Structure formats: C-alpha cells, structure tokens
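Next up: a single chain in structure tokens, the form deposited in one PDB entry.
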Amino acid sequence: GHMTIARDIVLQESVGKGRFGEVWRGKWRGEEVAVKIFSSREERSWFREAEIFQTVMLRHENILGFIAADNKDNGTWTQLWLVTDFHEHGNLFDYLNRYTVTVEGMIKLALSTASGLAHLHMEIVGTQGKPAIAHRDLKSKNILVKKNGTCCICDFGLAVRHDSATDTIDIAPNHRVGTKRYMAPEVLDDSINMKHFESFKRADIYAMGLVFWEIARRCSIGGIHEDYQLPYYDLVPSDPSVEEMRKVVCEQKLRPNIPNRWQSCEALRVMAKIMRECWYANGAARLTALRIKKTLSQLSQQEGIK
C-alpha cells in the first residue's frame, strides 16, 4: 500500500526510552523512522499517546511528525507500535551535552521550542478545529533536534486536551506526574488547581524556562560558555525526590542561577529576562508561550537569523 505500517518496518538499533515504551530506529522502504514499542499491559499509555498524536490539525514544524499507531503480532505476543519521524541528533539534552551553540543556534532552538508550545497551547477554532493541549512533561529530553537546527516537541503520554465550550479536560489527571526536577512550584506543593486547564499551560511555561537556561549555558560567544548542567544541579541530588525539589523551589525559593556573562550580550539578556518571567511561583504571573514566541521572533529578526 501507500501508507506506512508496522509489518513493513525492520528494527535496527535501540535508541532509548520514553516514560512508557522503548524507542528503536527502524527502516521503512529504505527510510529511517523512530518506533516506540509498548507491551500489551501498556495499552492505555500507547493508546493515550496515539490519541494525542492524531488530534485534528496538530501537525506543525515544531511538533514531532506522527506516522502511525499499529500492532505487530510476532506469533507469540503482540507489540503496540507508535511510529514517528527519526531525528539523527536525538534529543536536546544529548545535543547540549555534545555541543555548544552560536547566538543564532541558541535563538533557533529557543524560538522553535516556543513556537511548538504556543501551537500546542493554542486552540484553532473551525470545522477542523484543534483543542488547546498542555504537555505536562516538558524537559530537554522531550525536545528533539532536527538536522536544520530547529526543535520539535515529543512524548505526549502525559498531555491533556481542553474543550473550551464545556470548559472540561479530556482526562482526570493525577497529582505530581512528570519529571520531578522540572515540576512547577504549584505541582511540587500540590496547590495546582487541576480543574483549570490554564494551570497546566502555566506549569509547561515554568518547565520551558528551565529548558531555556539549559540552552543559554551552551551559547558560546568568543569561545566562552558554561559546561552542560541540568537545572538545580548545584542544589539537589541527581535523581531528586519531590520533597528535595519542593524544599529548594517552594521554601528556599531558589531558581537556576543566571551567570554574569549573560548580561554582556543582547540575545542572552533577552533570554535571561524570559527565564525569570517563566519562574514566578504563581502561574498567573508567568509569560504565555505566544508572548515568548513573539519576543524571540523580534530578537531573531534583529540578529538576522537562519
């Protein structure tokens, strides 16, 4: 047939894991594809991520390209597959550990992440309407770097969708899901109002601010940059508990430190200001993803990027 299906894909190499499922590099008609495999007992996680990926009008240059949700029976058990575009550079966490970026590179990565999130967060009204979506697990490990230097967001297993007319969320979400290190203050202290969709959007913003801090450290100007670090590397253990995170973020009220050299460059000054404005303990005070996109677009034009 013309459509991509599991039976026509050959797995070649293990390339990591998501929250649920294992990721493999596959081959479909000579072309590289990413394949996320789930067992029968993980049917709900598989189904939920396939459901998010198939949302009407979701496709966007800054959202991971969905190919197919399929089943493959090997004759003993059935694997549940989620097929997507393959990106050679892998995730932003891996890329930032391997490389430093230029001012252009940094702005390209930050702007494309902000454009992807604003598309996700924004409702598109009309006959082929797209509901507003909150990611709930944004981190550098869930952002993939494309060959052209732009980003796309992936891993939608925890995402929530909003029905604006009836003001309802498509699933009943559980407290403190996601990556503990990137959890917003209101998530860590359980004060988040989970019956208000805007709360999930604001929590994604906080996490995006942390990712921007990760990028900016790697922005090398005149061969000077910081080494790669995860946010809160200087304050919490490698695998921090919610209690360790809450004591730092909510009680001591600390945020990742803004290095003095970021004050000496306009692009880094703009990035530093966006970060602070993502990091308020109160979500209603944080910038929106659309405002961040607008700010970074203006900065991209000023520096003549791409």
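Heads up, when I say rigid core I mean the largest set of C-alphas that superpose within 1.5 Å between the two forms. One-based numbering along the sequence shown. Residues that one form lacks are left out of the comparison.
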- Of 290-298 and 5-13, which one has the bigger average CA B-factor? 290-298
- Ranked by mean Cα B-factor in the entry, 176-184 and 77-85, top stretch is 176-184
- Message: I'd like to know which of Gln54, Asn62, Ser238, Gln252 has the highest C-alpha temperature factor in the PDB entry.
- Response: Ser238
- Item | From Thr100, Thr113, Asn71, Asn142, residue of greatest CA B-factor | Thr100
- Query: What third of its chain, lowest, middle or highest, does the C-alpha temperature factor of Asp155 fall into?
  - Reply: middle
- Note on the structure: Of the three thirds of Cα B-factor ranks in this chain, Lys36 occupies the lowest
- Chain thirds of CA B-factor: placement of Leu109: middle
- Message: Going by the CA temperature factor in the PDB record, which third of the chain does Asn91 belong to: lowest, middle or highest?
- Response: middle
- Task: Compare the C-alpha B factor of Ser220 with those of the other modelled residues in its chain, then answer lowest, middle or highest third.
- Result: highest
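Below: the form deposited in another entry, not depicted.
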- Scan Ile171, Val177, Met194, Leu235 for the one whose CA shifts by 2 Å or more between this form and the one not shown after superposing the rigid core, and name it. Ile171
- Query: If we fit on the core, is the Cα of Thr78 displaced 2 Å or more between this form and the one not shown?
  - Reply: yes
- Can you list, in sequence order, the runs of 3 or more consecutive shared residues with C-alpha shifts of 2 Å or more between this form and the one not shown on the rigid core? 71-79, 171-175
